[PDB]
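Q: Partial complex here, more coming in a sec:
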Amino acid sequence: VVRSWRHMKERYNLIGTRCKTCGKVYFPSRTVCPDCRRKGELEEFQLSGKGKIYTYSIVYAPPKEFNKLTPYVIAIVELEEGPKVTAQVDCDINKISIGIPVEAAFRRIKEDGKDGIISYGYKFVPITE
Amino acid sequence: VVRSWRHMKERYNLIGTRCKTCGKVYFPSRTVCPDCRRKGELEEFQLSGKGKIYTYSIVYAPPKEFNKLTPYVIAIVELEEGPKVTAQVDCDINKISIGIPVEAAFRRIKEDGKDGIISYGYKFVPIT
């Protein structure tokens, strides 16, 4: 609920930060730059959802809530700006491999039971090309 | 939900341990005696449910699950044998005071929602 509310623009729109001192792009957005610390000047930066599979795994026995999705692809995607993210990939388990170009998609990531909040966010999909 | 299963004989039947080195009784049952520790051995002992109000409080705003019982009397009861326990007391909030004699009763203490396990245990009732 409250935690969902804070990182919505990140999960929904992939909005990270850019350090002008470095030039480096960070996602998720950081409050303190790991290199420059207080010196780093931060501006909000909108990432494109485009990225490539850096590594991946297929989850065969997940929590009871992911029963419909089983087996699913979890992966670490290297985005074209540089940041890496962990997310699921909507594709057949035989079609996934390292280096596959993917694109972020707005999906229903979770729900807090029958009565709680629904949590949306990014899930990657392979590009048509 | 194995935790409930282990302390059933205590919650249900009020079975503690008696130290044969000391002679004193401790409830809940202890694995290691605080006075003897390693040089003390333990045997099972059934306590009488009889005890007296050592202290008490009236809970006016409890968790959503205790909505029906609000306001309720929570108390620490000194049992005849010596050990003290904290439990609720089934009485009018105006009738409770320190020193009141009470007796343990088997009651439905809590439930894990509408689908989970029901947890029974002791609650205290005043004597005639």
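A: Sure, I can see it. Numbering: from 1, shown residues only, chains lettered A, B, ... in the order given.
Q: tell me the SS of the residue of chain A positioned farthest from its centre?
A: What lies farthest from the middle of chain A is residue A:39; by C-alpha atoms, centre = their mean that is 27.4 Å. Counting by DSSP: H, G, I helix; E, B strand; the rest coil, the backbone at residue A:39 sits in coil.
Q: Could you check how many residues crowd around the residue nearest to residue A:101 when sequence neighbours are not counted?
A: The spatially closest residue to residue A:101, leaving aside those adjacent along the chain, is residue A:127, at 4.9 Å (C-beta to C-beta, 6 or more residues apart in numbering or on different chains). Backbone N, C-alpha and C define where each C-beta goes, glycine included. Neighbour count for residue A:127, taken as other C-beta atoms under 10 Å in any protein chain shown: 10.
Q: Tell me who's in contact with residue A:127.
A: Residues in contact with residue A:127, defined by C-beta atoms under 8 Å, 6 or more residues apart in numbering or on different chains, are A:50, A:101-103.
Q: ok, and the most crowded of those residues?
A: residue A:102 (24 neighbours).
Q: Just give the closest residue to it, not the sequence neighbours.
A: Nearest to residue A:102 is residue A:124, by C-beta to C-beta, 6+ apart, at 3.9 Å.
Q: name the element the one you found belongs to?
A: strand A:118-126 (DSSP states H and E).
Q: Name the surrounding residues that touch that strand.
A: A:4, A:11-12, A:14, A:49, A:51, A:75, A:77, A:85, A:87-91, A:95, A:100-112.
Q: can you slot in chain C too:
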Amino acid sequence: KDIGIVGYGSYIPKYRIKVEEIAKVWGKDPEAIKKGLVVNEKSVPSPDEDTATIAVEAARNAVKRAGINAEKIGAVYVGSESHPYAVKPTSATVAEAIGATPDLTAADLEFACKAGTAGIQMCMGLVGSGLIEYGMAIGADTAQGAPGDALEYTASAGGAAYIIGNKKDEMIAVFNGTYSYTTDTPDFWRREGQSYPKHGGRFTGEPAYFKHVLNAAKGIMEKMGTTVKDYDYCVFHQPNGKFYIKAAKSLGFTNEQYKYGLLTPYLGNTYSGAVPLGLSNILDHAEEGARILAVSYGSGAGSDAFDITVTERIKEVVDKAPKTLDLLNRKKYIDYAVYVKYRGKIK
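A: Let me put chain C in with the others:
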């Protein structure tokens, strides 16, 4: 100048239940609740009443004040949190019940307690664009609070209806402008399955209700180039009297400016009827040339702001239908048992 209210109407059911009657059952101090929430009692619909009937009563009263033939109404919108059907629309029933059918458009609106005013904006657009001549917007609800919960003290039944027109001779009030502030916020919600809602507790206040109400109030006053001194009366969303007053005081409104808008202490929270009912009571008392600030709020996070000016034609129409305050004082008290019976809170 182009767009304005030509008619307004309101309805409140007769049954009430005092805070004392609810607190008694749940083992709470009534004076603590009353002081805390700033609420004394609330409206209870009869078992033969619902959001549709309430909407119809209010719609019919608005037509009386408008003094126009309902055949001229080209859109009916009903904003509610408690539409009787999940699929069949309330607005269609209200249209049939006022004989506006069949040459019109309609839709049922959902946006928590902001739904009623959402439709006012929709009617403003359609009349202003020339797509219709008159539009009706209704905010009505038969709210249900969870038996043990605090929302039980406020959740209530009521509704008010507004007819929007283009004719200076028929306008009793004029829209100077509208503004809306909307975000995605999980402060309060109800999932399709559940009968009673779930809330975030203290997260509902500062970060949601105040954030959106005050931003919308500041946005409209920025849009109009206006200050708190320029407005004669104000109405805010009133989940309880506490929130309403804090917001009014925060913006710099005096009791004389906000008193007419605040009905919750004796009516409760009618959700989508709340601000519409408040605004209707302001219009029952208002004089020509009075400027009103009206800001609504909806969970999921939204607020609609209005800048309205009252016209010469106001006193002509007020007595054409029942005054909000008269409906509010024609009442019959009930105990909790009868209340749970009426509400179908019985299993």
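Q: try the contacts of strand A:118-126 again now we have chain C.
A: Here strand A:118-126 has contacts from A:4, A:11-12, A:14, A:49, A:51, A:75, A:77, A:85, A:87-91, A:95, A:100-112, C:191, using C-beta under 8 Å, 6+ apart.
Q: if we go to 6 Å?
A: A:4, A:11, A:77, A:87-91, A:100, A:102-105, A:107-111 (C-beta atoms under 6 Å, 6 or more residues apart in numbering or on different chains).
Q: Pull the distance from that strand to the chain's centre.
A: The chain centroid and the centroid of strand A:118-126 are separated by 8 Å under C-alpha atoms, centre = their mean, to the nearest Å.
Q: Flag every residue of chain A that's near chain C.
A: For chain A, the residues in contact with chain C (C-beta under 6 Å from any C-beta of the partner chain) are A:1-2, A:4-5, A:8, A:114-115, A:117.
Q: Mind doing that once more with 8 Å?
A: Neighbours of chain C within chain A, by C-beta under 8 Å from any C-beta of the partner chain: A:1-2, A:4-5, A:8, A:12, A:114-118.
Q: Nearest to residue C:342 among these?
A: residue A:115 (25.1 Å; C-beta to C-beta).
Q: shouldn't the closest one be in contact with residue C:195?
A: No: taking contacts as C-beta atoms under 8 Å, residue A:115 lies outside contact range of residue C:195: 10.1 Å.
Q: who's more crowded, these two?
A: residue A:115 (14 against 9).
Q: how deep is the nearest residue to residue A:109 once chain neighbours are set aside tucked in, by neighbour count?
A: Spatial nearest neighbour of residue A:109, excluding adjacent residues (C-beta to C-beta, 6+ apart): residue A:121 at 4.2 Å. Residue A:121: 20 surrounding residues under other C-beta under 10 Å.
Q: next up, chain D:
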Amino acid sequence: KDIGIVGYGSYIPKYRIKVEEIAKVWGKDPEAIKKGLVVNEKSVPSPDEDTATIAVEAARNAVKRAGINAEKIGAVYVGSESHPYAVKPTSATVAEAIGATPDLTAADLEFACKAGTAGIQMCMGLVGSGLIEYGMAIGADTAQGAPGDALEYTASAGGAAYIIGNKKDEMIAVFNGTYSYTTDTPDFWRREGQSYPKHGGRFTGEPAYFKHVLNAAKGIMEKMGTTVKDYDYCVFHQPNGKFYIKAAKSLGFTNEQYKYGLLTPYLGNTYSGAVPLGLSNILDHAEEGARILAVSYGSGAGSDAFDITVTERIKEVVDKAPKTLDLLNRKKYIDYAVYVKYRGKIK
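A: Let me add chain D to what's already shown:
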């Protein structure tokens, strides 16, 4: 002065289920169903997709075609029969996901299968009145057919979004006029409690669907002074292919006029997304100066009719996002077991 569509977009999930797969389970003749309903297969949403995600995909594709900054979108309306929350609005999530927040109005529209087109009219009014520069109207749904019922063969998932602007240089299509026919009709409904709807059977057809669709089509053509000969293409509501064609043929439309609008045979009934999706496919194929007749229908007793003309700017934008037909043919078939798993039809 002139109102028109500046951008449109659409989304269809990848999963399908053939009639044959459903019939097999329930002991029915697939060829009989296919012939009767004029339907071959339908779209099935992924378990991680819902009306909100579908609306967001559409909305995002409409923004690409519009080529405008979403900060300029003044209201977002989402018309659905399957909004994820009973109280929290979808349109806010959509607004947040396209970055139109916070300076906007939004509302979630309910009117069976006509809620989508209801919001187009709302955006038409607000833009035309000058209250907003751009408004977005979405029609999306993840429909539910009862397991044993015939609605299981058609009820499907899909969405389309439309952005409305005033500026001629940005418009790809122009509204010549709109008309609506609405009554109170108990042909089909769903009570708040129930997960699956109830219908009146044969009473749904002639007295309800045809009555409202044909009256609205006749009404628009009277308003605009047209004839079936004046229109280049047409799109009607398509609960099944049978009803759609009957209506088209009844008004005198040839196959060449109605073929693009009819998607149900391979898509199913996407309820609030049906005509929006059909209209989007017409726009994907349409040439400059084409006149479209679009008539929607909603179970409660509603129909919205549109008279649209296609502009020069059409070929510029079509390829800026996925064509409706491309989404429709990018598909993966599933059996009935998988389908009931995905849709949560399992208890």
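Q: Once more for the contacts of strand A:118-126, now including chain D?
A: Residues contacting strand A:118-126 (C-beta under 8 Å, 6+ apart): A:4, A:11-12, A:14, A:49, A:51, A:75, A:77, A:85, A:87-91, A:95, A:100-112, C:191, D:48, D:50, D:52-53, D:84-85, D:93, D:97.
Q: picking that back up, which residues touch the residue lying closest to the residue farthest from the centre of chain A once chain neighbours are set aside?
A: Excluding the flanking residues, the one nearest residue A:39 by C-beta to C-beta, 6+ apart is residue A:21, at 5.8 Å. Taking C-beta under 8 Å, 6+ apart, we find residue A:21 in contact with A:33, A:36, A:39-41.
Q: what's the residue of the stretch 51-200 of chain C found nearest chain B in contact with, if anything?
A: Chain B sits closest to residue C:148 of the stretch 51-200 of chain C, with a gap of 3.9 Å, by C-beta to the nearest C-beta. The contact partners of residue C:148, by C-beta under 8 Å, 6+ apart, come to B:64, B:67, C:26.
Q: Residue C:41 and residue B:16, how far apart?
A: Using C-beta to C-beta, to the nearest Å, residue C:41 is found at 53 Å from residue B:16.
Q: ugh, wrong one, residue C:247
A: Relative to residue B:16, and taking C-beta to C-beta, residue C:247 is found at 58 Å.
Q: for residue C:250, same thing?
A: When residue C:250 is compared with residue B:16 (using C-beta to C-beta), they lie 59 Å apart.
Q: cool, and residue C:1?
A: 85 Å.
Q: same thing with residue A:104?
A: Counting by C-beta to C-beta - residue A:104 and residue B:16 are separated by 61 Å.
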